[PDB]
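Student:
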Ligand SMILES: Cc1cc(=O)[nH]c(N2CCN(c3ccc(F)cc3)CC2)n1
Ligand SMILES: [Zn+2]
């Protein structure tokens, strides 16, 4: 029972979601190989993802993690880029959205850097690119990102399935690229809510 409400760009909500998308762009060590070459996005549409069953699935698990961690759910707003975004907004996150070949295990991956999530919009390493031009740096086709409410709880810090014992998620602390932001991994689909569906294009630097 998913409903997508279009957010007006006049709305304070559109303005704060676009600002978290824009300000969290960074240069990638692959030179744009996976996500393309760009410094900003053309934000075409921001939509609120409304689903009573999934929101309840998430706040139920949130209350569990909170009570297991001195009433702190450790809730973040993170980006999620995946070829299975359209399936996530209707069925939620689960074991089919888990990244088997992940660095922090077979869990569901999230990023603080929007530009990081953009690397997985067309698949692992950007796949073959957009389905129309087979271009990983395509500047034409419309891309789609999720801005998710994530319950991290007790997160296992990793400097560089199931969660480490006595923990609720894993934090990928960046230990080489001094400008990278953290990456997070949850092992329960219930621990995340697909809050915002952002439609956009990467923009050719001038
Ligand atoms: C680091 C990071 C940030 C981000 O936004 N997204 C992701 N992924 C990881 C890989 N994914 C995946 C899911 C299910 C599969 F079958 C294969 C891949 C989805 C998106 N990673
Ligand atoms: Zn294209």
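In full-length UniProt numbering, the protein residues as written are 952 to 1111, 1116 to 1161. We put the beta carbon where it would ideally sit given N, CA and C, even for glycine.
Around ligand 2, what residues have a beta-carbon under 6 Å from a heavy atom of it, in chain order?
Tutor: Result (chain order): 1081, 1083, 1084, 1086, 1089, 1091, 1092.
Student: Just checking, does the region 1137 to 1151 make contact with the region 1043 to 1062 on the three C-beta pairs under 8 Å criterion?
Tutor: Counting Cβ pairs under 8 Å, three or more are found: they touch.
Student: Counting pairs of beta carbons, one from the region 1120 to 1131 and one from the region 952 to 962, are three or more of them closer than 8 Å?
Tutor: Flag = no, the region 1120 to 1131 and the region 952 to 962 do not touch.
Student: To the nearest whole angstrom, what separates the beta carbons of residue 1147 and residue 1076, a pair I think is in contact under 8 Å?
Tutor: Taking the first residue of the chain shown as position 1, residue 1147 is located at position 192. Taking the first residue of the chain shown as position 1, residue 1076 is located at position 125. Rounded, the Cβ-Cβ distance is 23 Å, inconsistent with contact.
Student: Could you check what DSSP says for residue 1127 in three-state terms: helix, strand or coil?
Tutor: Working through the chain shown from its first residue, we reach residue 1127 at position 172. Strand at residue 1127.
Student: Alpha carbon to alpha carbon, how far is residue 1029 from residue 970?
Tutor: Reading the chain shown from its first residue, position 78 is the one you call residue 1029. Reading the chain shown from its first residue, position 19 is the one you call residue 970. Their backbone Cα atoms lie some 13 Å apart in a straight line.
Student: Going by the CB atoms, is the gap between residue 980 and residue 1132 shorter than 8 Å?
Tutor: For the purposes of this step, residue 1132 is taken as residue 177 along the chain shown, with counting starting at 1. For the purposes of this step, residue 980 is taken as residue 29 along the chain shown, with counting starting at 1. A contact, by the Cβ cut-off of 8 Å.
Student: Comparing alpha-carbon positions, which option in 1000, 1069, 1117, 1103 lies nearest residue 1095?
Tutor: For this step, residue 1095 is matched to residue 144 along the chain shown. Nearest C-alpha to residue 1095: 1069.
Student: CB-CB under 6 Å to residue 1072, same chain, minus the five flanking residues each way: which ones, in chain order?
Tutor: As a position in the chain shown, residue 1072 is number 121, starting the count at 1. Here the set comprises 1032, 1094.
Student: Under a three-way DSSP split, which group does residue 1009 fall into?
Tutor: Position 58 of the chain shown holds residue 1009. Helix at residue 1009.
Student: Heavy atom of ligand 1 less than 7 Å from the Cβ of residue 1032, yes or no?
Tutor: As a first step, residue 1032 must be located in the chain shown, where it is residue number 81. Checking the Cβ of residue 1032 against ligand 1 gives yes.
Student: Please confirm whether residue 1112 and residue 1039 have their CB atoms less than 8 Å apart.
Tutor: Absent here is residue 1112, because the residues of the chain run from 1111 on to 1116 with nothing modelled in between.
Student: Using CA coordinates, which residue listed in 1066, 1020, 1016, 1011 is at the minimum distance from residue 1155?
Tutor: Residue mapping note: residue 1155 aligns to position 200 of the chain shown, counting from 1. Out of 1066, 1020, 1016, 1011, 1066 has the C-alpha closest to the C-alpha of residue 1155.
Student: Quickly, what does DSSP pair residue 1061 with across the bridge? List them, please.
Tutor: Here residue 1061 corresponds to residue number 110 of the chain shown, with the count starting at 1. According to DSSP, residue 1061 bridges with 1139.
Student: Which of the three DSSP states is assigned to residue 1068 in this structure?
Tutor: By one-based count along the chain shown, residue 1068 stands at place 117. It is helical.
Student: Any heavy atom of ligand 1 within a distance shorter than 7 Å of the CB on residue 992?
Tutor: Locating residue 992 in the chain shown gives position 41, where the first residue counts as 1. Outside the cutoff, so no.
Student: I want to check one thing, is the minimum distance from the CB of residue 1067 to the heavy atoms of ligand 1 below 7 Å?
Tutor: What you label residue 1067 is simply residue 116 of the chain shown in a count that begins at 1. It does: the Cβ of residue 1067 is within 7 Å (strictly closer) of some heavy atom of ligand 1.
Student: Which residues mark the beginning and the end of the beta strand (DSSP E) in which residue 998 is found?
Tutor: The count along the chain shown starts at 1 and reaches residue 998 at position 47. 992 to 1001 is the extent of the beta strand (DSSP E) around residue 998.
Student: For residue 1107, which residues of its own chain have a beta-carbon under 8 Å away from its beta-carbon, when the five flanking residues on both sides are left out?
Tutor: Taking the chain shown and counting its residues from 1, one reaches residue 1107 at position 156. Correct list, in chain order: 1118, 1119, 1122, 1124, 1125, 1126.
Student: Can you give me the C-alpha to C-alpha distance between residue 1055 and residue 1090, rounded to a whole angstrom?
Tutor: Along the chain shown, read from residue 1 onward, the residue named residue 1055 stands at position 104. Along the chain shown, read from residue 1 onward, the residue named residue 1090 stands at position 139. Using only the alpha carbons, I get a separation of about 31 Å.
Student: Under 7 Å from any heavy atom of ligand 1, does the C-beta of residue 1048 make it?
Tutor: Here residue 1048 refers to the residue found at position 97 of the chain shown. Result yes, Cβ under 7 Å from ligand 1.
Student: Between residue 1110 and the rest of its own chain, which residues show a CB-CB distance below 8 Å, the 5 nearest in sequence each way excluded?
Tutor: By 1-based counting over the chain shown, the position of residue 1110 is 159. Answer for residue 1110: 1128, 1130, listed in chain order.
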